[PDB]
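Engineer: test case, fold it:
(chains A, B and C)
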Amino acid sequence: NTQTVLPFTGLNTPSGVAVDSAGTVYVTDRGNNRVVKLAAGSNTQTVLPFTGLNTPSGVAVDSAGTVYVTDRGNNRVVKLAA
Amino acid sequence: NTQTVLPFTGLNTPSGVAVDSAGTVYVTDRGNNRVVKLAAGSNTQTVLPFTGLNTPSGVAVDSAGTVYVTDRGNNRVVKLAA
Amino acid sequence: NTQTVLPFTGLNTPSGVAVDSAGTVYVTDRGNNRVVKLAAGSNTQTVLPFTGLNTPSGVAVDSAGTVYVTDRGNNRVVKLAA
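Structural biologist: Numbers count the residues shown, from 1 in each chain, chains lettered A, B, ... in the order given. Coordinates below:
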């Protein structure tokens, strides 16, 4: 009977979420053309250094911490190693 | 090449899906402002006790069974313990 | 910290992404009403034999390689075995 709002900042219509084995939460912040992440316990998000994103629609993270993003408005899929 | 339609009911423009190590299937039922799940070997939907969602867009689950949802219409990310 | 563009071809407004334990990447190619997959280390995708999708919105893959898709326009969730 408890839900928790995560302390992300300045999201605009977030489109997708993933979480890695360390508990870091990754979010496609669609309306801001960026991907943000928040480590478990952390109070401050960091912005992943993707470039040229256009309304990213979704995100996945693998066992190696590689982050995959559907860059919807650019008809492509990008990834970034940890 | 036979696909199977899962026995979810009453969905309205479902927006996202996650499956965990136990084979439980979680779905953001966007048009009904809710998240639903179906365990493996189960036929019956349960609605997750999130509250105040608005057109949720995506869902993720960690190894501990914690469910994370991008609550798109409210510009926030919410989580629920197992 | 530099992104890589994955060698998918012909995508149209992709909506979601999943990655399995082998590093195979699965994408809901929303604008083409299909789901594509790219084997690890491959530059040539295949199309999964789902049927009658309409605006697929998200994808997940379990430990057994079963692929689950939210078929937004048909208010259903479908799955295909590996």
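Engineer: who are the contact partners of the residue nearest in space to the middle of chain A?
Structural biologist: Nearest residue to the geometric centre of chain A (CA atoms, centre = their mean): residue A:27, 2.6 Å. Residues in contact with residue A:27 (CB atoms under 8 Å, 6 or more residues apart in numbering or on different chains) are A:8, A:11, A:14, A:16, A:17, A:35, A:36, A:37, A:38, A:59, B:70, B:77. The C-beta positions use only the backbone N, C-alpha and C, and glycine is treated the same way.
Engineer: ramachandran coordinates for the residue of chain A found nearest chain B?
Structural biologist: Residue of chain A nearest chain B, by CB to the nearest CB: residue A:16 (3.7 Å). Per-residue torsions, residue A:16: phi -170, psi 160 (degrees, to the nearest 10).
Engineer: and it, what are its bridge partners?
Structural biologist: Counting by DSSP bridges, residue A:16 forms beta bridges with residue A:28.
Engineer: still on that earlier bit, now which of the contacts of residue A:27 would you call buried?
Structural biologist: The neighbour count (16 or more other CB atoms under 10 Å in any protein chain shown) marks A:8, A:11, A:14, A:16, A:17, A:35, A:36, A:37, A:38, A:59, B:70, B:77 as buried among those.
Engineer: most widely separated two among these?
Structural biologist: A:16 and A:38 (14.4 Å; CB to CB).
Engineer: that older thread, just the closest of the buried ones among the contacts of residue A:27 to residue C:43, please.
Structural biologist: Closest to residue C:43, out of all of these and judged by CB to CB, is residue A:59, at 22.3 Å.
Engineer: help me confirm that the closest one comes into contact with residue A:16.
Structural biologist: Yes. Using CB atoms under 8 Å, residue A:59 makes contact with residue A:16 at a distance of 4.9 Å.
Engineer: identify the contacts common to the two.
Structural biologist: A:27, A:28, A:70, B:58.
Engineer: OK, contacts around residue A:28?
Structural biologist: Here residue A:28 is in contact with A:14-17, A:35, A:56-59, A:69-70, B:58, B:70 (criterion: CB under 8 Å, 6+ apart).
Engineer: dump the residues you listed to a markdown table, plus secondary structure.
Structural biologist: Listed next are those as a markdown table, based on DSSP: H, G, I helix; E, B strand; the rest coil:
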| residue | secondary structure |
| --- | --- |
| A:14 | coil |
| A:15 | coil |
| A:16 | strand |
| A:17 | strand |
| A:35 | strand |
| A:56 | coil |
| A:57 | coil |
| A:58 | strand |
| A:59 | strand |
| A:69 | strand |
| A:70 | strand |
| B:58 | strand |
| B:70 | strand |
